[PDB]
Amino acid sequence: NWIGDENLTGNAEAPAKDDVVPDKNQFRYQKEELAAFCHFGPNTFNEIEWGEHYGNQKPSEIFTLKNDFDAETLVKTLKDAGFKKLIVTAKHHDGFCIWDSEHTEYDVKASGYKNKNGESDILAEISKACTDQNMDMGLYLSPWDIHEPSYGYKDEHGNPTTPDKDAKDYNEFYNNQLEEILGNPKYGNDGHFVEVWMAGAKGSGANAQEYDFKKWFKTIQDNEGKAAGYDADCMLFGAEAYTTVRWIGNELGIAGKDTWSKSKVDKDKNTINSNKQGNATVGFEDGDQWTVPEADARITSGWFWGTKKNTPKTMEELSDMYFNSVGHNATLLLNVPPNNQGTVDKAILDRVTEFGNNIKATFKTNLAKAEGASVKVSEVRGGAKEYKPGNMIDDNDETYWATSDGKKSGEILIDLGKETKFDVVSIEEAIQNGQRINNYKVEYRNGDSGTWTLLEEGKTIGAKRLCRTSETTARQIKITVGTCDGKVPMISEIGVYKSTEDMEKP
Ligand SMILES: *O[C@@]1(*)[C@](*)(O*)C(*)(*)(O*)[O@](*)(*)[C]([C])[C@@]1(*)O*
Ligand SMILES: [Ca+2]
Ligand SMILES: [Ca+2]
Ligand SMILES: [Ca+2]
Ligand SMILES: [Cl-]
Ligand SMILES: [Cl-]
Ligand SMILES: [Mg+2]
Ligand SMILES: [Mg+2]
Ligand SMILES: [Mg+2]
C-alpha cells in the first residue's frame with residue numbers, strides 16, 4: 001500500500017541530525033558537484049609538469065607571456081558548462097608567483113608581463129573575471145617551494161644547517177603570502193576564497209621543512225572564515241587535522257563506489273585517516289570530521305598545457321569520470337589549463353562546453369515527473385506533509401522524505417506512467433543532517449506487479465548516488481534505503497534519466 005502526497009495531516013518532529021554534519025561551505029560544495037582547476041605559470045612555457053630545473057633563470061626567461069591573459073573566455077566557458085568554482089595555482093612547486101608579491105622578486109611583476117591596462121597580476125585578472133561572473137574561487141599555494149631561499153634550514157650564508165640556526169623562516173614567508181593575497185580584496189570572488197589548496201606532493205630529494213599549519217589556518221580564517229564574518233570557515237585541502245576537503249587518493253577522477261564524506265582526525269597528534277581502500281579514500285561511516293571527497297583530474301594528459309599534452313580527453317573518458325566521481329558522493333575538480341598565449345586551446349574549450357552540454361541534456365528531463373508518473377513511499381514520517389514523497393521531486397535540497405522514528409528503512413516506488421527507456425537513477429541524501437544511509441537497492445519491472453529485476457545495490461548515498469546502467473525499459477523503479485538502528489533515512493531528491501548518446505555506459 002503505497003503512500004502519495006494527498007491527505008497528509010499528521011505531525012512529527014524533524015529527525016535528529018547526525019553528530020557529524022557538513023558546514024555551510026562543505027554542503028554548498030557537495031551540491032555544486034563540479035569545480036575547475038587552473039594550472040598556469042612558468043611550466044606552461046617550458047614543456048614540463050614539475051619546474052624543478054629553472055635554477056637562477058630570471059622570471060622574464062621562464063614566464064614569457066606576450067599577450068594579455070584571457071581570463072574572461074576561460075571563466076565564461078567554465079560557468080556555462082556548470083563549473084561553480086575555479087581553483088588557481090597562485091604558486092606551484094617552482095615558487096613562481098603569478099600575483100604581484102612584495103615578499104619575492106620571483107613573480108609575474110618581475111617577468112615583464114603587462115596587460116592592456118599596464119598591470120602585472122594574473123591572479124587579479126582571473127579574480128576580476130570570476131567576480132564579474134560570480135564564480136567562487138580557490139587558492140592553490142604550493143607548500144613545497146624550490147626557489148624561495150627561506151625554504152629549508154639554511155644559515156645566513158645560504159648553506160644547510162639545523163632548524164635553530166635557520167636564518168629565514170619559510171613558515172613566516174608562506175604566512176605573509178597568505179595574508180598578502182587573502183587580505184587584498186582584488187583577489188577572490190569579490191575578495192573571497194572558499195578553499196585553500198595545500199599540495200602534499202614534494203620531490204623525494206627536496207630539503208626538509210616542517211610546516212606551521214596552525215599559523216596558516218589562523219591567517220586563512222581571519223580573512224576568509226567565520227572570524228572574517230562569513231557563514232563558514234574557508235575549506236582546507238592538505239592541512240592535516242584541519243582538513244575539510246580531502247584528496248580522493250588518486251589523480252584519475254575516481255571515487256570508491258561506497259564513499260563517506262567523513263574522516264577520522266586526531267587534533268592532538270595532527271593526523272587524518274580517510275580510509276584508503278584500493279586507489280581511493282572511502283571515508284568512515286563513524287568518521288568524526290566531515291571531509292568533502294574531492295576527485296582532482298586533468299582534462300589533458302598533464303596539469304600544465306604543452307605542445308605534446310594539449311589533446312583533451314574524449315567524452316567517453318569524461319563521462320566515465322563524471323559517473324565515478326559526482327555519481328559516488330565526490331566532487332570533480334577538473335583542470336583546464338591555459339596555453340603559452342594566455343588563452344585556452346579551442347579544442348580544450350570546445351570539449352569543456354561539450355562535457356557541460358552533455359551533463360545538462362542528460363539531467364534535463366526527470367522521468368519521475370513526466371506525464372502520468374508518480375513517486376510514492378512505503379511510509380511517511382508521522383503521516384506529516386513536511387516529509388511527503390513529493391519532497392523528493394521539488395528541486396529543493398532543503399525538503400526531504402523520511403520515515404517515522406523506529407523505521408530505519410523505507411521504499412520509494414517511482415511509476416514512470418508507461419514503458420519508459422532510462423539508464424540513470426539519481427538519489428540524493430539530505431546530507432545537511434548527516435550522511436547515515438548504509439544500504440540501498442534499486443530494482444525495476446514492467447507493469448505494476450510481479451518480480452523485480454536488480455539494477456544496483458550498495459552501501460552509501462551521500463550528496464549524490466548515480467546508478468548508471470545500459471539502456472533499460474521499465475514501468476516501475478523501486479528504491480530501498482536504510483540506516484542503522486535508532487535513525488531514519490532522509491532523501492532530498494531523486495530522479496530517473498535517459499542519458500545523451502555520449503554519456504551512455506560503454
Ligand atoms: O603538480 C601536481 C602536484 O604535485 C599535486 O600536489 O597536485 C596536482 C594538482 C598538481 O599541481
Ligand atoms: Ca629557512
Ligand atoms: Ca579576502
Ligand atoms: Ca527536495
Ligand atoms: Cl614532465
Ligand atoms: Cl516520527
Ligand atoms: Mg542540485
Ligand atoms: Mg586579461
Ligand atoms: Mg615581487
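Each residue takes its place number in the sequence, starting with 1. In listed order, ligands and their atoms are each counted from 1. Keep in mind that the numbers below use all heavy atoms, side chains included, and drop hydrogens, waters and symmetry copies.
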Student: Within the supplied structure, the quantity of interest is the number of heavy atoms (other residues, nucleotides, ligands) at a distance under 6.0 Å from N279 CG; does it exceed 12?
Tutor: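 More than 12 heavy atoms, drawn from other residues, nucleotides or ligands, come within 6.0 Å of this atom.
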Student: Looking at the Ca ion (ligand 4), is there an N, O or S atom belonging to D394 that lies under 3.0 Å away from it?
Tutor: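 A backbone or side-chain N, O or S atom of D394 is under 3.0 Å from the Ca ion (ligand 4).
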Student: With the Ca ion (ligand 4) at the apex, how many degrees lie between O of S492 and OE2 of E493, rounded to 10 degrees?
Tutor: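 Between O of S492 and OE2 of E493, at the Ca ion (ligand 4), the angle is about 70°.
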Student: Can you tell me if, anywhere in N396, an N/O/S atom lies at a distance from the Ca ion (ligand 4) that is smaller than 3.0 Å?
Tutor: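 An N, O or S atom of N396 is closer than 3.0 Å to the Ca ion (ligand 4), so yes.
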Student: Where the Ca ion (ligand 4) is the centre, what is the O-to-OG1 angle for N391 and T399, rounded to 10°?
Tutor: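 O of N391 and OG1 of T399 make an angle of 90° at the Ca ion (ligand 4), to the nearest 10°.
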Student: Look at the side chain of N43 and the backbone N and O of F304, then say whether any donor-acceptor pair between them is shorter than 3.5 Å.
Tutor: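 No, the answer is negative, given that no donor and acceptor are paired below the 3.5 Å cut-off.
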Student: Are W197 and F237, when compared by the centres of their aromatic rings, separated by less than 6.0 Å?
Tutor: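 Yes; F237 has its ring centre under 6.0 Å from that of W197.
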Student: Evaluate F69 against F40 for ring pair (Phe, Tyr, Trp, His ring centres under 6.0 Å), listing each step before the verdict.
Tutor: CA-CA 11 Å; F69 187 87; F40 184 70; 4.9 Å; yes
